[PDB]
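Colleague: sequence and experimental coordinates follow.
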Amino acid sequence: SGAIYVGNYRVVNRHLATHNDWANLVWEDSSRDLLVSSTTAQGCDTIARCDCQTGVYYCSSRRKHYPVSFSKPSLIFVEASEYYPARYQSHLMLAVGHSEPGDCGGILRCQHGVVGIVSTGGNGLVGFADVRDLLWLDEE
Ligand SMILES: CSc1ccccc1CC(=O)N1C[C@@H]2C[C@]2(C(N)=O)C1
Ligand SMILES: [Zn+2]
């Protein structure tokens, strides 16, 4: 579990969204595993606007932050899970690092701010849904 809180927005994995998230929906995209809902309080996270390929992510299954090198956002084939059939997920970045299903939501960040959130993984790999192209998160 985990979310990004920026402005009056809450960014979560779409497969972990609550009824309150759907009842206060701003935007959702199944192909990216992302959902954004509105909030009453203002958040403290800042979104990175950069081309970094190195950062640090939070791994709840180890209670630790790990430094990682990650690929550029791309269209990657993801295996069937209890949440989606086997399909291509877009805007996904991969890295070598520990991950388990419940690690989804952990933040990946660089010197500029939040880059994305854990969305996929397995066998020593971890995949992050990028949010750096969602410029509208910084306003309204
Ligand atoms: C950190 S996710 C993970 C890690 C190890 C093993 C298995 C998983 C779970 C997984 O394969 N998922 C979670 C989410 C539904 C997914 C997607 N974004 O298409 C794919
Ligand atoms: Zn950066």
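Modeller: Now that the structure is in, tell me what you want to look at. Numbers count the residues shown, from 1 in each chain. Ligands and ions are numbered 1, 2, ... in the order given.
Colleague: OK, contacts around whatever residue of the chain ends up closest to ligand 1?
Modeller: Nearest to ligand 1, among the residues of the chain, is residue 121, at 3.0 Å (Cβ to the nearest ligand atom). The way it works is simple: take the backbone N, C-alpha and C, and place the C-beta from them, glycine included. Listed by Cβ atoms under 8 Å, 6 or more residues apart in numbering, the contact set of residue 121 reads 97, 99-100, 103, 127.
Colleague: cool, and residue 119?
Modeller: 13, 33, 89, 92, 104, 127-129.
Colleague: residue 12 too?
Modeller: 2-3, 21, 34-37, 105, 117.
Colleague: try 10 Å
Modeller: For residue 12, the contact set (Cβ atoms under 10 Å, 6 or more residues apart in numbering) comprises 1-4, 18, 21, 28, 33-37, 104-105, 117.
Colleague: near ligand 1 too, which of those?
Modeller: 33, 104 (Cβ under 6 Å from any ligand atom).
Colleague: helix or strand: which one has the residue nearest to the spatial centre of the chain?
Modeller: Note on the chain: the residue nearest the mean C-alpha position is residue 117, at 2.2 Å, using Cα atoms, centre = their mean. Using DSSP states H and E, residue 117 falls within strand 113-122.
Colleague: please see if that strand touches ligand 2.
Modeller: No. Strand 113-122 stays clear of ligand 2 (Cβ under 5 Å from the ion), getting no nearer than 6.7 Å.
Colleague: now the helix or strand that that strand is followed by and strand 113-122, what's the angle there?
Modeller: Sequence-wise, the next helix or strand downstream of strand 113-122 (DSSP H and E) is strand 125-130. For strand 125-130 against strand 113-122, the angle by axes from the mean of the first three to the mean of the last three Cα atoms, to 10 degrees is 140 degrees.
Colleague: if anything else comes up later, I'll come back, but that's it for now.
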